[PDB]
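Order of the sequence lines fixes the chain letters, A, B, ..., with proteins taken first and strands second; residue numbering starts at 1 for each chain.
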2 protein chains.
Amino acid sequence: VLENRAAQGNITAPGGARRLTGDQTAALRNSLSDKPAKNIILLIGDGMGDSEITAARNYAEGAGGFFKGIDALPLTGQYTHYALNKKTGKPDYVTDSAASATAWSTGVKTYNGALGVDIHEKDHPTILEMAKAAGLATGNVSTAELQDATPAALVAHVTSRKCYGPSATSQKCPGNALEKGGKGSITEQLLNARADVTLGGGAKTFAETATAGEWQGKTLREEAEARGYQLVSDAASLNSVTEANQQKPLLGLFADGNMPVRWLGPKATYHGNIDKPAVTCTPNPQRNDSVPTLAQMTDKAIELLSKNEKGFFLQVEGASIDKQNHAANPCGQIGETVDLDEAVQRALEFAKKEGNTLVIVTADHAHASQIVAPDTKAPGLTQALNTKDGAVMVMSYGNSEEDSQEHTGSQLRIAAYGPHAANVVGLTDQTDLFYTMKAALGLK
Amino acid sequence: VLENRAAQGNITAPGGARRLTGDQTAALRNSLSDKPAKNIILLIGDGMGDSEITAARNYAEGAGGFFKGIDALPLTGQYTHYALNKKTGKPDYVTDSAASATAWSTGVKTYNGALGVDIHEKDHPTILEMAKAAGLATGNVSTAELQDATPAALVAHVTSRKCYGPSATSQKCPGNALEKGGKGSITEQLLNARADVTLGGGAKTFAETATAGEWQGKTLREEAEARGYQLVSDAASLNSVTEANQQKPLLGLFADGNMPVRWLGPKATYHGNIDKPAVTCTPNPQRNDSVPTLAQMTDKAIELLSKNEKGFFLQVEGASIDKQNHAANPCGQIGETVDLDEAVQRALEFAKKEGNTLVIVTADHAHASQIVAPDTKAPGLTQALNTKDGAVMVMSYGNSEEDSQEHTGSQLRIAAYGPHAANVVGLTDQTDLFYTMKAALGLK
Ligand SMILES: [Mg+2]
Ligand SMILES: [Mg+2]
Ligand SMILES: [Zn+2]
Ligand SMILES: [Zn+2]
Ligand SMILES: [Zn+2]
Ligand SMILES: [Zn+2]
């Protein structure tokens, strides 16, 4: 169990590239605890497989460097995230964001596109719901629309991830439609779930009006306010919040859709590593200072949530690693991984200080990006990048002839720190995570 | 630290896909020992990243299944394997088989193509040479030609991995050429190294005659005989060997080049998943019954090597996983992964009984193969396969327009069992592996 895993010295010399400063046995033995966790912070890098982590480290910290957040969790393993074919019930080797999120928040596999329901379309309780029932404080933060699959899986039970608001739900999820006697759209179910802290983008869906029930005729935003929610829309106002609980829950909407990415860089192109010059990422001119970063939202949530004496459960998502991966944009993809690392550092610092906090960092599924040789002649989209090492790294996206690059089914890294973290070691399934968090919290 | 990691029941039901049957904190604790290791068995799946492991498991055991050998090692982590640019000494993000093999066997990073030498072309002792010097028995087994990079790295110190025999060395490694005062070609250095057990393919090069020294004019095969080596060339003759030591060293040459692959299947093609039907692998008909499998060679090696009271170091390589990956042949690649799992099972079975044996399973670098959705329209080479689940899995090779698919730089899985296995957990470097073995054996 080391806090520093960077290369020891001169990487060209014997022992210079080593990351271990000594024997781990004693340290690792000391980090194994089966005492219950008071809190749980689950950080999800959407589409962040081992390849994505490696590319981001190579670029930002150098090959021999190390993410002070992402790479600092002592207990590691690899987990499977295959989904299920709805019709046959047989495995579907490459999952989407909805079925995977449903797996760790519910403990049951499902079909791609499903949120909080099994292949029979039957609802199952999420870890957030259970935590809330036990009296723990709950938080849900993401850089994507709050209706997007990852954050939505914790608070909604819908047959199609496309059922954002009333208008789409009536069409695509008629059985879940409020008018038709259902629990409602994703946004309505989010409002009903009432987590203590909810922060992200997706403000545009709150402009729709409820078609039935108590708050019928009033936009979803008006209903939020009528229900006692504190709504903040920028960094300044989030900062001014001093409490969030069942009486005054916090809801932050920092963008119409997804929050802007941190870095700017060109899109990878065919033969881009050979016909285009190497690129150096730069800050995104379109992201405003008033827009809080993932680390800021994470820190604020930990502060408000930690006021609960029974404990808290918090899920944090670095959403756009996946989205920029689909877009074949190395700079956007890497910047979103660096952003997540900052949020992980905030989580770990708190966990180390508090001492009864289980911190887990993983991804919902693997993705397209691959690190290939500089002179590679590939059929897909490529791009050469100038790294922190002063060397060129080429990234490749070669699994789709369409505009969007696709997910991949490879098992990927899961890492943890704190009480019950041993349950992440070795090979496990994404559904085991649900059970690991449920038992750690004694949420049974 | 469980031995069974298969899905517990109905994967469509709540908790049915779980691989864990309980808390593993206590089990993991007991798995942690820093007592000295008497023996070390290092198994390398050439080019076997997490993607390769997942694809093969999905096909052979089903998504919810598990490799009784490969997936059964309790302590897990991810390690980096970047090489170095010979000129600049800066990292080269994608290593070849020679630079990576040199890193774990020597403890120093080097340039692509180098064996046993650093970037200054200065050689360093290998873990096998250090084991011999300490009095331990040594074994080197592989399914590739014995001159190939992975097995050769343990016994040779050459500036270019292409220096197989006398002829190639004269023009590509003149400073190593015997007639120029060098230590000799890879094969001559292997003969000089005199490991107790050396099994693999590559008989072709033993047909070359030395150009200088005490055995000039004689083929390298004659030199081996002249130096006291027991030469075996099929499974029956291998089985007859009762002892292998410094006076009676064993040299098995089971093929002219690489040993034949276990499974046959067609090569992936452009739009092969949508143009051609799903394939089902079959055993390789052209594979002679008398050619030993990797598990048979591994088993026989353990038997002979364990006669040494001081202990033994054994490296086992499933070489063709990489070669079939380069060839974009899913069935060849998967079959070679299944083949390595059998060898891992023999290693683990021995280790559990013996109790002072450190077993490590990992790869030298990542590769091209990716698991994509069935309806994927990719720019590279694809193929649909019928898995054990009766479902279709599509594999993609999309990082090269040349005849050979390429390695990738992603960090990958390293797993271990036994004394000192804890040094494999968390993020480490491929060079740390050298030190982990050196310390476990007390060779320092
Ligand atoms: Mg997401
Ligand atoms: Mg090899
Ligand atoms: Zn996703
Ligand atoms: Zn995605
Ligand atoms: Zn290799
Ligand atoms: Zn290769």
Side-chain angles (χ1 to χ4, degrees), chain A residues 7-19 54 58 62-65 273 371-376 384 386-394, chain B residues 44 46-47 79-127 147-164 168-169 171-177 182-183 185-186 189 322 326 363-367 404 406-411 429-434:
Chain A
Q8 300 316 293
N10 183 178
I11 64 168
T12 71
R18 297 168 60 191
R19 297 188 185 277
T54 308
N58 287 345
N273 64 308
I371 298 158
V372 297
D375 59 344
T376 296
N386 289 315
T387 73
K388 172 79 152 62
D389 297 314
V392 170
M393 175 179 69
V394 173
Chain B
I44 299 297
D46 201 304
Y79 85 170
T80 50
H81 42 78
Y82 61 90
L84 302 176
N85 182 280
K86 195 180 168 55
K87 289 165 294 305
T88 68
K90 294 183 177 305
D92 190 349
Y93 306 106
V94 189
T95 190
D96 81 329
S97 329
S100 43
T102 294
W104 79 66
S105 73
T106 276
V108 72
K109 293 279 190 184
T110 184
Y111 61 98
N112 286 347
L115 287 175
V117 299
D118 57 20
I119 60 162
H120 306 313
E121 303 181 340
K122 166 201 325 162
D123 42 62
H124 299 263
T126 76
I127 186 78
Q147 299 83 23
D148 202 16
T150 319
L154 293 183
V155 301
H157 298 94
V158 110
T159 60
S160 173
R161 64 182 296 165
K162 300 184 186 173
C163 294
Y164 274 32
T169 308
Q171 69 178 263
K172 300 178 179 307
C173 303
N176 299 133
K183 301 176 178 187
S185 62
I186 287 158
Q189 293 189 227
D322 167 87
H326 279 299
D364 51 344
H365 53 75
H367 222 299
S404 180
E406 313 220 356
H407 295 181
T408 60
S410 173
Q411 71 193 20
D429 190 76
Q430 188 163 247
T431 60
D432 279 303
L433 183 49
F434 168 81

Original post:
Given B/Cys163, which of B/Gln147, B/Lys172, B/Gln189 fulfils the side chain to side chain contact (heavy atoms under 4.5 Å, CB included) condition?
Top reply: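 Answer after filtering B/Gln147, B/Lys172, B/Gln189: B/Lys172.
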Closest approach of [X] to [Y] (non-hydrogen atoms, all atoms of both residues):
{"X": "B/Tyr82", "Y": "A/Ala17", "value": "OH-CB, 3.8 Å"}
{"X": "B/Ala99", "Y": "B/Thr95", "value": "CB-OG1, 3.4 Å"}
{"X": "B/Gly409", "Y": "B/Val94", "value": "N-CG2, 3.9 Å"}
{"X": "B/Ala83", "Y": "B/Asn112", "value": "CB-OD1, 3.2 Å"}
{"X": "B/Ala152", "Y": "B/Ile186", "value": "CB-CG2, 3.7 Å"}
{"X": "B/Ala149", "Y": "B/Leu115", "value": "O-CD2, 3.4 Å"}

With sequence neighbours left out, write down each residue that passes salt bridge (charged side-chain N to carboxylate O under 4.0 Å, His left out) with [X], or none if nothing qualifies.
{"X": "B/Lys86", "answer": "B/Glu121"}
{"X": "B/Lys183", "answer": "B/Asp123"}
{"X": "B/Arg161", "answer": "B/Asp96, B/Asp148"}
{"X": "B/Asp364", "answer": "none"}

**OP:** Would you tell me whether B/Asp429 and B/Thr80 have side-chain atoms, one donor and one acceptor, within less than 3.5 Å of each other?
**Re:**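 Yes, because at least one side-chain N or O of B/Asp429 sits under 3.5 Å from a partner of the opposite role on B/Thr80.
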Subject >> N/O donor-acceptor pair under 3.5 Å between B/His81 side chain and B/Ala103 backbone >> reply: no
Original post:
Between B/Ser185 (side chain) and B/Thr169 (backbone), is there a donor-acceptor pair under 3.5 Å?
Top reply: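 No, B/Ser185 side chain to B/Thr169 backbone: no donor-acceptor pair under 3.5 Å.
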Subject >> Criterion side chain to side chain contact (heavy atoms under 4.5 Å, CB included) on A/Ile371 and A/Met393, from CA distance to verdict >> reply: CA-CA 7 Å; A/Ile371 298 158; A/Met393 175 179 69; 4.0 Å; yes
Taking only residues two or more places apart in sequence, or in another chain, which ones meet [X] in a side chain to side chain donor-acceptor pair (under 3.5 Å)?
{"X": "B/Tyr164", "answer": "B/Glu145"}
{"X": "B/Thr126", "answer": "none"}
{"X": "B/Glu406", "answer": "A/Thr376"}
{"X": "B/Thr159", "answer": "none"}

Subject >> Audit row: A/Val372, B/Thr408, side chain to side chain contact (heavy atoms under 4.5 Å, CB included) steps and yes/no >> reply: CA-CA 5 Å; A/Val372 297; B/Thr408 60; 4.3 Å; yes
Just how far is it from atom [atom1] of [X] to atom [atom2] of [Y], taken to the nearest 0.5 Å?
{"X": "B/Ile119", "Y": "B/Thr110", "atom1": "CD1", "atom2": "OG1", "result": "7.5 Å"}
{"X": "B/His365", "Y": "B/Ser97", "atom1": "NE2", "atom2": "OG", "result": "4.0 Å"}
{"X": "B/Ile127", "Y": "B/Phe434", "atom1": "CD1", "atom2": "CZ", "result": "5.0 Å"}
{"X": "B/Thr106", "Y": "B/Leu433", "atom1": "OG1", "atom2": "CG", "result": "12.0 Å"}
{"X": "B/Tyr79", "Y": "A/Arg19", "atom1": "OH", "atom2": "CZ", "result": "12.5 Å"}
{"X": "B/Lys162", "Y": "B/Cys173", "atom1": "NZ", "atom2": "SG", "result": "10.0 Å"}

Who are the side-chain contact (heavy atoms from CB on, under 4.5 Å) partners of [X], not counting sequence neighbours?
{"X": "B/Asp118", "value": "B/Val108, B/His120, B/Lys122, B/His124"}
{"X": "A/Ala391", "value": "A/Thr387, A/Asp389, B/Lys90, B/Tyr93"}
{"X": "B/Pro174", "value": "B/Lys180"}

Subject >> Test log, rule side chain to side chain contact (heavy atoms under 4.5 Å, CB included), inputs B/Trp104 and B/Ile44 >> reply: CA-CA 11 Å; B/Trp104 79 66; B/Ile44 299 297; 3.7 Å; yes
Subject >> Heavy-atom side-chain contact between A/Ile11 and B/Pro91 under 4.5 Å >> reply: yes
Subject >> Residues which pass ring-ring contact (aromatic ring centres under 6.0 Å, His included) with B/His326, listed by chain and number, not counting sequence neighbours >> reply: B/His367, B/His407
